[PDB]
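Participant: Let's see this in three dimensions:
(2 chains, ligands or ions: 2)
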2 protein chains.
Amino acid sequence: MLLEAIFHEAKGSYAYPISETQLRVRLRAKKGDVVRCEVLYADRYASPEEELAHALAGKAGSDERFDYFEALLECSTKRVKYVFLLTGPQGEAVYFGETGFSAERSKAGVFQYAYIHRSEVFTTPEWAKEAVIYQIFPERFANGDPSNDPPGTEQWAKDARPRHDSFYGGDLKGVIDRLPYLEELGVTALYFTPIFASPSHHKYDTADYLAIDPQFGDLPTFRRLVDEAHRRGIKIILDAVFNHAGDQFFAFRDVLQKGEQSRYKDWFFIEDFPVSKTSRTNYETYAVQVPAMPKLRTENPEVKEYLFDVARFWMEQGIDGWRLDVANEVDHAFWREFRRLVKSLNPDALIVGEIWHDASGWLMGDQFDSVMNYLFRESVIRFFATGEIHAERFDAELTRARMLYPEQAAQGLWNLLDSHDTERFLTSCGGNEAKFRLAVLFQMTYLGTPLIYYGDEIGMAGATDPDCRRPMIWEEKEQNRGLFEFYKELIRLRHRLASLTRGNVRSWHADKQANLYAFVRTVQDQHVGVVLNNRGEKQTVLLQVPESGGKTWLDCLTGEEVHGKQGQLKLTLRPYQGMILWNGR
Amino acid sequence: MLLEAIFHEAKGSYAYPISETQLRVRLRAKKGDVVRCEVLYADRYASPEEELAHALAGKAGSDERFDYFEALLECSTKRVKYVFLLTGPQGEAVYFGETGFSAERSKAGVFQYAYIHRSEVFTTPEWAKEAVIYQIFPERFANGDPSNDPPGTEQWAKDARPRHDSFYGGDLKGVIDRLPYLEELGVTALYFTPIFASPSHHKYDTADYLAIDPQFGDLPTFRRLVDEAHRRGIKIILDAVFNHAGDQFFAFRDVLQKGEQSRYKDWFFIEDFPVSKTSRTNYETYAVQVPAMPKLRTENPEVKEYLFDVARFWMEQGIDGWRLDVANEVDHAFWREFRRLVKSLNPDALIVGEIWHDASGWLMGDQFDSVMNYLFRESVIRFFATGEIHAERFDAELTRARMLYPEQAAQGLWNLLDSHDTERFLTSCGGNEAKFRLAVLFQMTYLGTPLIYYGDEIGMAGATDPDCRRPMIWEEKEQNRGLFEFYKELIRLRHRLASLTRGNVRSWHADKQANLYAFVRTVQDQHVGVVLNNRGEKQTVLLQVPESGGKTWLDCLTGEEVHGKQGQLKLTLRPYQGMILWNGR
Ligand SMILES: [Ca+2]
Ligand SMILES: [Ca+2]
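Facilitator: Numbers count the residues shown, from 1 in each chain, chains lettered A, B, ... in the order given. Ligands and ions are numbered 1, 2, ... in the order given. Have a look at this structure:
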């Protein structure tokens, strides 16, 4: 086999504890290059003559070009050393260790996970493991209070087509008046984009971190919201913009007024004074040349303490976690310490970050709890919506992703289908509900945290920003209640089937030709299989199911009861029809 | 080219800054699969249609199975995204990016280094970059005061053969009196193994972390050592053992007496009560069943603060750094915070850890400065002493290990030939001085910090523990001043050639049959190439040297002048001879 293609490291996403005494190990090799992977391990101080423990590494998945093996090691000593034994299609065996490769186990060496400290066990809030988040764009969700609408606000109508400078008066009061709705839908948390004192429409340039923007409400209204949401079993998530502030931030305006006399001059990155100019900037900002967004020096103790204080103020109000913006642009020390602050105030506080690239460096367990799973969307958009990729490709994109980070993180990734910065997925589906409904079925049954974008649930459509930010449709007769009930049922199923929230993921079937994909979610002895027929034609498939995994399945969506015969399960799926098979365990 | 064998990551040892605006990048590939590696980069926020930067990745070296390419990206924005352009033997062009491989740049995606914060640019003390450490085991170095010799201390003789419980009276005063000797040798720093108050002989079971063991001296004596040593240009590095404490440790004893009602019960890992027993361990300890060494609970804030106070104390005495024992078993959060303390107290304090396996997780820049380079010892023992490997294998082992951690670490790794836990290298060489010297010449010219074990500079030989703890031979008549002088010359040269202390490493030539190896240290324009004739036979070698690096070289050890012609340098080395050719720049 190609040893130069096999990889592993005693850390990161290939070696990490899941418990105080259990070490997980991942090993990858060229697809087809290895057939069996076994792990021999023992305590690091074990006598060189003592016998080693054995652990079989199952094929956890495979992507475009790699094979992935995962095994669980029992380390009662909390210290472990181990070597890999890899067997090829031709029985050729070889040990893989820290030293390298060899036919003799001794010469291969041994990887070592020094010690497993309880504090370094990746731990995330339980309520998040089986949660469903609903993304709220305040300015467009509900106008509960007309008295705070900004001047020039436009009529709230379904036919309205938002313009970049539009206003609709969306506010926190509406979110409250509509809480019965979210509860009915079944969401367990609301994620709000920025809503803090700011002069712009987007509010990404914070002016006052300790205050709700007047057009949205006030502390009183916010406290009311949090309280009314909680008694409804709904957590609250706010957006944290700590990378940069607005040009009206008290600390910045002082520097604009006092130049080097400002006690806050080092709260930013300035090249020379005076500090200011239009189309030109003598201080670092978000992206390139954005005057309204002066970068904050999160490395500075003053800045750090201040934001940490800002977090305390809002955590005092009862929020349940944060969504970090441009998180990847603030120092790690800051994030490490922030989590400590946050987790000590609330062990169940969530920390979700937004990185548009491999976020492993932030997802080891000492910083964020998870991040937005943009990969999920990319694979989902192209699979159900544009159809640029087929089922076998879709399977790969997904798998490659799962093995990207530790399970504690993969399990909590926010899987969104769109956002306030993208065209609505229904539109991406060219308006076809058959395609949209299928995707949502997948979103609601896959590994991670489903993130619902306001309105998608009743079938709102629209191009990218700002057309995706159309005012929420509240007239029941103008809403797609058929769709609305679909989301409800999917959400209800996801709540009862433990496998769907806390189960692993395994690919079941991938037909590049028929474009049908299947996977199974597992927890304990329970198994739930999902079959997706992504084609505008009726198709029939043959899935394999050895009696050991059950002999009869019940389609949780239709009640239909199918039986497997001779280790196979015959299934006929209707156009864009999805099936969710439960084995009753 | 086996694509499944190419590796990279925008973190760790494959992507790291060397300055606030300079990012280093490394790529791994199957040997021979890539002949040209170039990187195309731009600002993370740069427009799509903007001209991409170019940076050629030179081949940094190769090992047993891989090739390694390196590049330095100029990133004025401290923000960068990049894509690799790989060229094979047959001219095939493949792009490599976060998304994967493709003949098209757009489909390859791009790796991203989100942001470069100065607080994250690996930084190590300046004096350690040109330092030459000297390992001292107090008990066997020198007896400056017999009044502290424990009963049973034996005579100080060259032919003395120490037993496990022997006592010679080595003490700090002794070190003081011998400072002139050490200063002459040219060592710039002194490293003491544990020397704190302990009831045992080895002193690994700390009883009083705030006091020097009476057998070595008193606090006032240590102070005398630091000042007198400092004025000779010699630093002091103390060995700290925080993973576990002694069974006589004040905090521990409180539990042995008050049992469960011990105010310090949560400071350790205690299974059940009574708190202890003989030959049987009912509490976690170092290794397996070590009643005198109960593991300290560093995860505990009370312990952390205490160990830190202990740290502050000794740093207030003026020490210059720490050598951590069994550090790989202490939580990272602890070390991260330890560094912050130590460094704030003294930015020049050194933090060297001891971990016998891939320590990348501790060598990112937020924890240790370096570790003992055990891989170096193995490469020198098998190449110089046992002859287990030839010149080509030596080359690989060296190359592979060099590429394990970021350059800032590699440059400051402690390169030891032996220690209080092994036999004298001379013993490993079977008494062959011609071999010992060549290994030392390499040690003195390779990348890393040379570690000299007390006595080795005067040719002390001996078997492993306790024979490696033989009393220092101070009788000049009995000293191999011949070797001693050699040691001196190398140390001098090292201090005069910036490239030997701060330059990189590149293999120059390797021959498995002739057993001849050569490498080049380069810094700015200075080049110094080392040629090793590791064979007991006079050999001639033809090295390739384009006029670019110079056309004339000088052997610093003999003063011989060598000239190159048509890009070749013909050198004749005597049995086991090594040359150090300076390009005069
Ligand atoms: Ca309003
Ligand atoms: Ca003495």
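
Participant: all contacts plus neighbour counts: C-alpha atoms, from now on.
Facilitator: Noted.

Participant: Quick check: residue A:310 is in a helix.
Facilitator: Yes. Remark: residue A:310 belongs to a helix, assigned using DSSP: H, G, I helix; E, B strand; the rest coil.

Participant: from memory it sits against residue A:211, does it?
Facilitator: No. Between residue A:310 and residue A:211 there is no contact under Cα atoms under 8 Å: 10.0 Å.

Participant: Can you pull the phi and psi angles for whichever residue of chain A sits closest to ligand 2?
Facilitator: With Cα to the ion, the shortest gap between chain A and ligand 2 falls at residue A:45, namely 35.1 Å. Dihedral angles of residue A:45 (phi, psi; degrees, to the nearest 10) stand at phi -100, psi 10.

Participant: Give me the distance between the nearest residue to it once chain neighbours are set aside and residue B:281.
Facilitator: Once flanking residues are discounted, residue A:45 sits nearest to residue B:287: 6.1 Å by Cα to Cα, 6 or more residues apart in numbering or on different chains. According to Cα to Cα, to the nearest Å, residue B:287 and residue B:281 sit 11 Å apart.

Participant: okay, the two: which has more neighbours?
Facilitator: Ranked by neighbour count (other Cα atoms under 10 Å in any protein chain shown), residue B:287 and residue B:281 place residue B:281 first, with 18 against 15.

Participant: which element is the nearest residue to the more buried one once chain neighbours are set aside on?
Facilitator: Nearest residue to residue B:281 in three dimensions, chain neighbours excluded: residue B:289, at 5.4 Å (Cα to Cα, 6+ apart). Using DSSP states H and E, residue B:289 sits within no helix or strand.

Participant: check contacts around residue B:289.
Facilitator: B:279-281 (Cα atoms under 8 Å, 6 or more residues apart in numbering or on different chains).

Participant: Also residue A:259?
Facilitator: Counting by Cα under 8 Å, 6+ apart, residue A:259 makes contact with A:265, A:273-275.

Participant: where's the residue of chain A closest to ligand 2 relative to residue A:22, distance?
Facilitator: 17 Å.

Participant: neighbour-wise, which of the two wins?
Facilitator: Neighbour tally, residue A:45 and residue A:22, criterion other Cα under 10 Å: the higher count belongs to residue A:22, 20 against 13.

Participant: Do I have it right that that one meets residue A:73?
Facilitator: Yes. The criterion here is Cα under 8 Å, and residue A:22 meets it with residue A:73 at 5.8 Å.

Participant: Quick check: residues of the stretch 1-150 of chain A near ligand 1?
Facilitator: Within the stretch 1-150 of chain A, the positions adjacent to ligand 1 are A:143, A:145-146, A:148-149 by Cα under 5 Å from the ion.

Participant: Now tabulate those in a markdown table and tack on distance to residue A:173, neighbour count and secondary structure.
Facilitator: Formatted as a markdown table, these follow (distance: Cα to Cα, whole Å; neighbours: other Cα atoms under 10 Å in any protein chain shown; DSSP: H, G, I helix; E, B strand; the rest coil):
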| residue | distance to residue A:173 | neighbour count | secondary structure |
| --- | --- | --- | --- |
| A:143 | 7 | 25 | coil |
| A:145 | 6 | 16 | coil |
| A:146 | 10 | 15 | helix |
| A:148 | 10 | 16 | helix |
| A:149 | 12 | 20 | coil |
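
Participant: Turn those into CSV, columns for distance to residue A:14.
Facilitator: Compiled in CSV, those are given as follows (distance: Cα to Cα, whole Å):
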residue, distance to residue A:14
A:143, 49
A:145, 52
A:146, 54
A:148, 52
A:149, 52
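
Participant: Which member of these is positioned nearest chain B?
Facilitator: residue A:149 (34.3 Å; Cα to the nearest Cα).

Participant: and the closest one, what does it touch?
Facilitator: So residue A:149 contacts A:167-170, A:215 (Cα under 8 Å, 6+ apart).

Participant: phi, psi of residue A:281?
Facilitator: phi -140, psi 130.

Participant: Test my guess that it contacts residue A:291.
Facilitator: Yes. Taking Cα under 8 Å as the definition, residue A:281 is a contact partner of residue A:291 at 6.4 Å.

Participant: about what we covered before: could you say which helix or strand contains the residue nearest to residue A:45?
Facilitator: Applying DSSP H and E, one finds residue B:287 in no helix or strand.

Participant: C-terminal to the strand or helix carrying residue A:342, which secondary structure element comes first?
Facilitator: Residue A:342 is part of helix A:332-345 when elements are defined by DSSP H and E. Using DSSP H and E, the helix or strand that follows helix A:332-345 in sequence is strand A:350-353.

Participant: buried residues in that next one?
Facilitator: A:350-353 (16 or more other Cα atoms under 10 Å in any protein chain shown).

Participant: Now render the residues you listed as JSON lines, adding distance to residue B:306.
Facilitator: JSON lines is the format used below for those (distance: Cα to Cα, whole Å):
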{"residue": "A:350", "distance to residue B:306": "32"}
{"residue": "A:351", "distance to residue B:306": "31"}
{"residue": "A:352", "distance to residue B:306": "34"}
{"residue": "A:353", "distance to residue B:306": "35"}
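
Participant: Most widely separated two among those?
Facilitator: For these, the farthest-apart pair by Cα to Cα is A:350 and A:353; their separation is 9.9 Å.

Participant: Touching, the residue nearest to residue A:45 and residue A:47? I think so.
Facilitator: No. Contact criterion Cα under 8 Å: residue B:287 and residue A:47 do not qualify, at 11.2 Å.

Participant: and residue A:37, what are its bridge partners?
Facilitator: Judged by DSSP bridges, the bridge partners of residue A:37 are residue A:86.

Participant: How many residues are close by it?
Facilitator: 25.

Participant: Do a quick rundown of the strands in the stretch 151-300 of chain A.
Facilitator: With strands called from DSSP state E, counting those that start in this stretch, the stretch 151-300 of chain A shows them at A:189-192, A:235-240.

Participant: how about those strands, which one is nearest ligand 1?
Facilitator: Nearest to ligand 1 among those is strand A:189-192; the distance by Cα to the ion comes to 15.7 Å.

Participant: packing partners for that closest one?
Facilitator: Using 3 or more Cα pairs under 8 Å, 6 or more residues apart in numbering or on different chains; DSSP states H and E, the elements in contact with strand A:189-192 are strand A:133-136, strand A:235-240.

Participant: how about the ones you listed in JSON lines, adding mean neighbour count and distance to residue A:344?
Facilitator: Listed next are those as JSON lines, based on neighbours: other Cα atoms under 10 Å in any protein chain shown; distance: least, Cα to Cα, whole Å:
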{"stretch": "strand A:133-136", "mean neighbour count": "23", "distance to residue A:344": "23"}
{"stretch": "strand A:235-240", "mean neighbour count": "23", "distance to residue A:344": "17"}
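
Participant: Thanks again, I'm all set now.
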